[PDB]
Amino acid sequence: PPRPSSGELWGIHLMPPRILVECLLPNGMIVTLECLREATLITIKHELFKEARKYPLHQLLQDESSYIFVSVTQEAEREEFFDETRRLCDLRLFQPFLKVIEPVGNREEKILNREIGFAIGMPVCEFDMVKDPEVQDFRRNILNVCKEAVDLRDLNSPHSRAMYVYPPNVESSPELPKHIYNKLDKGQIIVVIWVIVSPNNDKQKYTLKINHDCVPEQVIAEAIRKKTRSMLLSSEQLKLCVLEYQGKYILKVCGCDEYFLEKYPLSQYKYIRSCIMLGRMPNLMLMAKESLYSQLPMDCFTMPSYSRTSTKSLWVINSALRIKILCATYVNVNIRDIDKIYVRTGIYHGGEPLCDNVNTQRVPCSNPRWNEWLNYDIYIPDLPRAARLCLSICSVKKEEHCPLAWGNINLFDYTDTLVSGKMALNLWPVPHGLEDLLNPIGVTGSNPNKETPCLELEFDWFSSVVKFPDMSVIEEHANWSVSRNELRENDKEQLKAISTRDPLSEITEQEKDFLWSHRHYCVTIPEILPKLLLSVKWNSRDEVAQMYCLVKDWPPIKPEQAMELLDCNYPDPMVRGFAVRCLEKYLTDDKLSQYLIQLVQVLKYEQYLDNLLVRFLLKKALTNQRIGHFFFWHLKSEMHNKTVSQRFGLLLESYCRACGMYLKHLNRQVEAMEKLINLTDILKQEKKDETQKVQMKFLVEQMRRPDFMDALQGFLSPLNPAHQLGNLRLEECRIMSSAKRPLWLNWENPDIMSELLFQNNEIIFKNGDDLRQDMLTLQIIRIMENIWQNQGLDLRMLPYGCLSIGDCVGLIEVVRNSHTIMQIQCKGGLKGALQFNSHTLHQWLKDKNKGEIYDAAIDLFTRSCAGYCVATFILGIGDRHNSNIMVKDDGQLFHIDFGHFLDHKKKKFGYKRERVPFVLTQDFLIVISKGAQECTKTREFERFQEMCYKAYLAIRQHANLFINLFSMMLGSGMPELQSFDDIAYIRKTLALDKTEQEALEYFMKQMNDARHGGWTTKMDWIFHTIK
Amino acid sequence: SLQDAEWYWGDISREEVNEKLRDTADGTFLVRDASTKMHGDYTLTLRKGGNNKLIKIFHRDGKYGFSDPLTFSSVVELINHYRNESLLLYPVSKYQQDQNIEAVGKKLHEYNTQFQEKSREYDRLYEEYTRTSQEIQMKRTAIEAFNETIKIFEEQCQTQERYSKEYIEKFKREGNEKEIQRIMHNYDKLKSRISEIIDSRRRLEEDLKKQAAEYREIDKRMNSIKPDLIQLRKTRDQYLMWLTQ
Ligand SMILES: C[C@H](Nc1ccc2c(c1)OCCn1cc(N3C(=O)OC[C@H]3C(F)F)nc1-2)C(N)=O
Ligand SMILES: Cc1c([C@@H](NC(=O)Nc2cnc(N)nc2)C(F)(F)F)oc2c(F)cc(F)cc12
């Protein structure tokens, strides 16, 4: 199984400098050899064979090369160490010992299976021992997607391979909003093309003024025209020279591995649009196509070793559903206090029950035996395809009921077969805080931990193997059900109002029947499909069959709208397939990367391992390495979770089998992260009581060791694979003064023109805190900026990078030239004041932007401040303070640390719910009003309020998208987002049960109250105490 | 007479309606305001077959109802009419909360103090429960690793017994006792090492056996105090509801 600790030996974080390794020779002898913890297996084998000649049977020892080492790893696996360049510490041994053996089997196949297993977290042989035919059918059948994805990469190669490795980092639309177009000099952009001339890197620049919408090949054409401008070529000769060589070069971003390889307008590339808004000069580097294509290796996709009766329709069986509960093996309960136990059962279609729940008779705790046939209030033909049995063993103790162990089963298996015969089910433990007697939202399947309460079951048999009907049968039955509407002016107006309602709105039973009765008129307004589907009686064969036909011929919808149909509320395979079809045809690679967090989460709701969503996401992962990179990390980050280890493990294995050479790069990142996890685990556990100076001494000593220097240098940044992390600047590395003591790392940018982007790349590694909440908040902030910017509202956010890479382990991107509001306050004078001067922030910003650039900095502060005020209000980010708000030297205000704003939402013991009030400090209004004393009434404040009103309504217009993005996250193990009630607060702030004008007035009321609430209270800044 | 009715619950959220409808799974019901903008229009939540269904009470021309025939003069008349049609079953009463102002307040502090002391014990039991569960899974894999380690050393014994077999025959014939005792010194070193490994594995098997029993007893203590913790939460919440009235 996956390793429980990143230690170099079992229960030992670090090996001592020298260690005694028991070497088991091939002649039969046993030699204890002293080795350095950083010694390579090449050195250890050479030293072992020198000492082996001293011991007996030395005549039977062949050459060192003829043998290979073997040992038990901490994953309880017999690993054959093919790569002999590996260090003893990096081998992950269970105990210090190595057997020398004659190598066997296909060496090249075994090397790849080690590399796949290392990146996954678990060994590949674990999947071979799984006897579930669905698990082996997934492994075999999913390779059809992998082979199709690899065939696309070698369709128009080497350009197809180059596009896979370096996808064009572009925005979804080439239309530049008016505020972005107005920043161009008469629609034109001034760019700088660089070329390397001499081997010692003698550079040459070419400043060009070109139209913003020039495709990269037209940029190359203008560079060719400038270089061949004084070569006596006629207007015809030059035109034919330009047209011949424009396709022989490609542009690259100076400082990083981002290439302009596709025919998109230059401005559609995110780097160029960023340069336009920031007013920066784009620095691109020109190079020959063969210079990049020679660097790309053609890694072939070898097929693995694992790649090699009557049936009655469900609707024929006219009978009531019956399930017999035989007995449970045991139950962790005390015979005193608890009187009896029973098995509560229910048939569900997602969270909604299809019928009244049915319990077994109560039996004594010591003898869990029922042998009772339970009859459910639904007939077998009326079972929808996603019908599931949800059960649990409960206790009794007015009368109180409590769940003890829960479990769910798919009533139809992956081959459409209805469950039949006897079957055992190892039950799962009750989650913390779940008081519900059943867990329908919980994982569907038997607990892999077989040392758990096992409940035997029995499903009825019907002479033949019962299978769910074909689409041909369902289509014919739907036409029969219609043979066994009206409309009015109010009906069309009511349908349009219901489609615009947010997903969380309350749909009444009259509205449900109204939508179902006018279901054929609904096709004219396709955005109402989610509301109509909730109105379908899913426990009715006739309504479901008719819905299937409407879904079959339903027109497509926006991907943002189709995403809702993948959350917990829509479990039907026909609805989910419809949603995937919309994403296949309409979701761009920009939006797929944008919403990949949720799309990976909704994979957990799928009933079966092989399905249309996973086949879609794995295809985009294997045909776009930017999508593939985060697809790997979002799945790898949850491999510790035994609930999803097998699902995500099988998926990651299929990804790694065909991702190509990128598996080598991901292993480098995994190695580097394993070392940082182990290093920080020592500081977090044994060396926790030691001083900051003492911990830093240890940190330097360990980071300098060769094993650490090799592992932590020359690898791609997991936060952005376009950034390479070269040599580590050890003098710049430090333990930060923050929660969980995160580690600040610094690397040189090994790019040839690093100087034109960033010389050093800094990342904060944090071990202890759950970063999913920060990741999701930062994603929402990026999506809000994206809405505002697309609408033409220039509000600048800073959604810095954040990536969770394990169980409460992650990376945070460092923003260069930024400081907290308290760091600004302390940097600028102070003199022990207790009350910080409110004008200090304005003065600091004035000094950083003197002269002409002053007005620009104030505008950027106003635009960034306005949107963070709106974002923090809509999301209820009330935990804001002078140490978790930062301002860049250029004036950009942005917020950091979003893991703690929901800690005090709970309300228990009459705390009024702690409503998040809208607030804006006087310090910021002084910056916005350019140092005015009466800052609450200036023309700059007037514009600022107007910025917030427009931005607030722009988010309220797309309220359904934010509700859908959070609704998809409910299935994730995040304790902050479990039920739709945790999202309900966004409806209070966005005022969704009001008109747009009423919501604008509501927001204006909360913003005008914030002026009164921004009280300059006479209290010290350290402890906050009033006289 | 809607304020006098027990089933009318002012302006409660959707979360509190579904919370107050879980064990009551038959035909339990309650009424509340549909929205602040409507005000005069209310909503009726009924249980049905598991899912809590919501039915709106429309209000136009003074008369109330669900469909076109508004044959009801008041909201109270509308609900009382459908109770007689059933003979809807149980109303969620805000007034009915069976146990002076001084006694209700002092005993509420006693139930809150007792609930927080038992909540603290559940946090201690859960922290040790998860710690024990994590340690059990580690010991379970450490046994799998020891089993594979023992299998490797057993294969090494069969390798030594096979290769040394022909050399021992040569040295016995040649009378070279030094080389027989040198090969036996290494064999009895390999065999004693296996004993040390099997002792370590069996030592950990008993730690796992005892930690599994500890885990089962932590889970028994949690499952015995979980019902006590829920009835104390419902008791203290009723004492606070009556204290406000
Ligand atoms: C020199 C240093 N620069 C800096 C520091 C922290 C962050 C940052 C830049 O970039 C913004 C992203 N960021 C995010 C966080 N943190 C966060 O998300 O939670 C707590 C805190 C911790 F990780 F350090 N810290 C930073 C400074 N001003 O002291
Ligand atoms: C859950 C959740 C939310 C909701 N916000 C609040 O509940 N704010 C609030 C209200 N009252 C108090 N006392 N404290 C906080 C909401 F934004 F969705 F509405 O936002 C989240 C977010 F951005 C990221 C995330 F990972 C989870 C969530």
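Any read-out appearing in this document is the output of simple, stated calculations on the displayed coordinates, not a laboratory observation. A quick note on method: Cβ atoms are made from the backbone with ideal geometry, for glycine too, and the neighbour counts reach across all protein chains shown.
In region A:450-487, which residue that is farther than 18 Å from A:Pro403 by Cβ and within 14 Å of chain B (Cβ to nearest Cβ) is surrounded by the fewest Cβ atoms within 10 Å (Cβ to Cβ)?
The selected residue is A:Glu486.
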In the set A:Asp903, A:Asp890, A:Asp859, the lone residue that is part of a helix (DSSP H, G or I), of a type in the set (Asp, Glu) and more than 12 Å from ligand 1 (Cβ to nearest atom) is A:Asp859
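Quick one: which strands (runs of 3 or more DSSP E) lie wholly within region B:8-91 and hold at least 3 residues that are more than 12 Å from chain A (Cβ to nearest Cβ)? Before you say what the answer is, go through the steps one by one.
Working: elements: B:29-33, B:42-46, B:53-60, B:63-65.
Answer list for region B:8-91: B:29-33.
A quick yes/no check of all residues on (1) among the hydrophobic types (A, V, I, L, M, F, W, C); (2) more than 29 Å from A:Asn201 (Cα to Cα):
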residue	(1), (2)
A:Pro718	no, no
A:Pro721	no, no
A:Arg729	no, no
A:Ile735	yes, yes
A:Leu745	yes, no
A:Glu748	no, no
A:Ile752	yes, no
A:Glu755	no, no
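A quick yes/no check of all residues on (1) within 33 Å of the chain's Cα centre (by Cα); (2) at the interface with chain A (Cβ under 9 Å from one of its Cβ atoms); (3) on the phi > 0 side of the Ramachandran plot; (4) surrounded by fewer than 16 Cβ atoms within 10 Å (Cβ to Cβ):
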residue	(1), (2), (3), (4)
B:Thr130	yes, yes, no, yes
B:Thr149	no, yes, no, no
B:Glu155	no, yes, no, yes
B:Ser164	no, yes, no, no
B:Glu169	no, no, no, yes
B:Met184	no, no, no, yes
B:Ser195	no, no, no, yes
B:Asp207	yes, no, no, yes
Scanning for something of a type in the set (A, V, I, L, M, F, W, C), within 14 Å of another protein chain (Cβ to nearest Cβ), touching a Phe, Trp or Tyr at 6+ places or on another chain (Cβ under 6 Å) and within 12 Å of ligand 2 (Cβ to nearest atom), does region A:985-996 turn up at least one residue? no
Would you be able to say whether some residue in region A:932-952 is within 30 Å of A:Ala562 (Cα to Cα), surrounded by fewer than 20 Cβ atoms within 10 Å (Cβ to Cβ) and more than 16 Å from ligand 1 (Cβ to nearest atom)? yes
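Is it true that A:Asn761 is in contact with a helix residue (DSSP H, G or I) (Cβ under 7 Å, 6 or more places away or on another chain) and either part of a strand (DSSP E or B) or over 22 Å from A:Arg37 (Cβ atoms) (or both)?
Working: in contact with a helix residue (DSSP H, G or I) (Cβ under 7 Å, 6 or more places away or on another chain): no; either part of a strand (DSSP E or B) or over 22 Å from A:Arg37 (Cβ atoms) (or both): yes.
So A:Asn761 does not fit the description; no.
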Residue count, region A:653-677, condition surrounded by 19 or more Cβ atoms within 10 Å (Cβ to Cβ) and polar (S, T, N, Q), comes to 2
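Within the group B:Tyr95, B:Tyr90, B:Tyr126, which residue is surrounded by fewer than 15 Cβ atoms within 10 Å (Cβ to Cβ) and touching a strand residue (DSSP E or B) at 6+ places or on another chain (Cβ under 8 Å)? Write out each step before concluding.
Details: B:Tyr95 fails: touching a strand residue (DSSP E or B) at 6+ places or on another chain (Cβ under 8 Å); B:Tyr126 fails: touching a strand residue (DSSP E or B) at 6+ places or on another chain (Cβ under 8 Å).
Selected residue: B:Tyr90, the only one of B:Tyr95, B:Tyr90, B:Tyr126 that is surrounded by fewer than 15 Cβ atoms within 10 Å (Cβ to Cβ) and touching a strand residue (DSSP E or B) at 6+ places or on another chain (Cβ under 8 Å).
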Of a type outside the set (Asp, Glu), part of a loop (DSSP other than H, G, I, E, B) and within 16 Å of ligand 1 (Cβ to nearest atom), is that true of A:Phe909? no
Of the conditions (1) more than 13 Å from A:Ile928 (Cβ to Cβ); (2) assigned to a loop (DSSP other than H, G, I, E, B), A:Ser838 satisfies every one except a single condition; which number is it? (1)
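Conditions (1) within 14 Å of chain B (Cβ to nearest Cβ); (2) within 16 Å of ligand 2 (Cβ to nearest atom), marked per residue:
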| site | (1), (2) |
| --- | --- |
| A:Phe898 | no, yes |
| A:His904 | no, yes |
| A:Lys908 | yes, yes |
| A:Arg915 | yes, yes |
| A:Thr921 | no, no |
| A:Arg956 | no, yes |
Checking the structure you have, find out if any residue of region B:210-230 is in contact with a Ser or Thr (Cβ under 9 Å, 6 or more places away or on another chain), under 26 Å from B:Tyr122 (Cβ atoms) and basic (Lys, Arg). yes
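Is it the case, given these coordinates, that A:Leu719 is in a loop (DSSP other than H, G, I, E, B), crowded, with 20+ Cβ neighbours inside 10 Å, away from ligand 2 (no atom under 16 Å from the Cβ) and under 28 Å from the mean Cα position of the chain (by Cα)? Outline the logic, then answer.
Numbers: in a loop (DSSP other than H, G, I, E, B): yes; crowded, with 20+ Cβ neighbours inside 10 Å: yes; away from ligand 2 (no atom under 16 Å from the Cβ): yes; under 28 Å from the mean Cα position of the chain (by Cα): yes.
Taking the combined requirement at face value, the residue satisfies it.
Of all residues in region A:496-511, which are within 12 Å of chain B (Cβ to nearest Cβ) and touching a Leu at 6+ places or on another chain (Cβ under 7 Å)?
Step one: of region A:496-511, the residues within 12 Å of chain B (Cβ to nearest Cβ) are A:504-511.
Selection gives A:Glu506, A:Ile507, A:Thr508, A:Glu509.
Could you tell me which of the residues A:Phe966, A:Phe980 is aromatic (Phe, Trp, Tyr), buried (at least 18 other Cβ atoms within 10 Å of the Cβ) and within 14 Å of another protein chain (Cβ to nearest Cβ)? Before the answer, list the steps.
Working: A:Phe966 fails: within 14 Å of another protein chain (Cβ to nearest Cβ).
Residue meeting the stated conditions: A:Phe980.
Quick check on A:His819: is it under 29 Å from A:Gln933 (Cα atoms) and within 15 Å of ligand 1 (Cβ to nearest atom)? Steps first, answer last, please.
Details: under 29 Å from A:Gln933 (Cα atoms): yes; within 15 Å of ligand 1 (Cβ to nearest atom): yes.
Yes, satisfied.
Before we move on, is A:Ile409 more than 13 Å from chain B (Cβ to nearest Cβ) and part of a loop (DSSP other than H, G, I, E, B)? Talk me through it step by step, then tell me what you get.
Working: more than 13 Å from chain B (Cβ to nearest Cβ): yes; part of a loop (DSSP other than H, G, I, E, B): no.
In short, no.
Yes/no matrix, rows are residues, columns are (1) of a type in the set (A, V, I, L, M, F, W, C); (2) closer than 22 Å to A:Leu965 by Cα:
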| site | (1), (2) |
| --- | --- |
| A:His518 | no, no |
| A:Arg541 | no, no |
| A:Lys552 | no, no |
| A:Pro571 | no, yes |
| A:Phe578 | yes, yes |
| A:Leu592 | yes, yes |
| A:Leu596 | yes, yes |
| A:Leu618 | yes, yes |
I'd like the full set of residues that are within 14 Å of ligand 1 (Cβ to nearest atom) and surrounded by fewer than 22 Cβ atoms within 10 Å (Cβ to Cβ), limited to region A:863-885. A:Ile877, A:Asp879, A:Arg880, A:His881, A:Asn882, A:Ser883, A:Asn884
Return the total of residues in region A:442-466 being over 16 Å from A:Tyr608 (Cα atoms) and not in a loop (DSSP other than H, G, I, E, B). 10
Being under 20 Å from A:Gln561 (Cα atoms) and either surrounded by fewer than 16 Cβ atoms within 10 Å (Cβ to Cβ) or out of contact with any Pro (no Cβ under 8 Å at 6 or more places or on another chain) (or both) is the filter here, so list the residues in region A:495-511 that pass it. A:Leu495, A:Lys496, A:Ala497, A:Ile498, A:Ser499, A:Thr500, A:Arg501, A:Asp502, A:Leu504, A:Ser505, A:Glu506, A:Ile507
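From the list A:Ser754, A:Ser737, exactly one residue is within 10 Å of ligand 1 (Cβ to nearest atom) and surrounded by fewer than 20 Cβ atoms within 10 Å (Cβ to Cβ). Which is it?
A:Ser737
Could you tell me whether any residue of region A:923-945 is more than 14 Å from chain B (Cβ to nearest Cβ), charged (D, E, K, R) and within 16 Å of ligand 2 (Cβ to nearest atom)?
Filtering region A:923-945 for residues more than 14 Å from chain B (Cβ to nearest Cβ) gives A:923-945.
Subset that is charged (D, E, K, R): A:923, A:930, A:934, A:937, A:939-940, A:942-943.
From what is left, the residues that are within 16 Å of ligand 2 (Cβ to nearest atom) are none.
No, every residue in region A:923-945 fails to be more than 14 Å from chain B (Cβ to nearest Cβ), charged (D, E, K, R) and within 16 Å of ligand 2 (Cβ to nearest atom).
Results for (1) under 26 Å from B:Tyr215 (Cα atoms); (2) at the interface with chain B (Cβ under 10 Å from one of its Cβ atoms); (3) among the acidic types (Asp, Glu); (4) in contact with a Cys (Cβ under 9 Å, 6 or more places away or on another chain), shown as yes or no for each residue.
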site	(1), (2), (3), (4)
A:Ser319	no, no, no, no
A:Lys340	yes, no, no, yes
A:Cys355	no, yes, no, no
A:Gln361	no, no, no, no
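Taking helices (runs of 4 or more DSSP H) that fall entirely within region A:486-584, which contain at least 2 residues that are more than 25 Å from B:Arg14 (Cα to Cα)? Reasoning before the result, please.
Numbers: elements: A:489-500, A:509-517, A:519-522, A:529-534, A:541-552, A:559-562.
Output list reads A:489-500, A:519-522, A:541-552, A:559-562.
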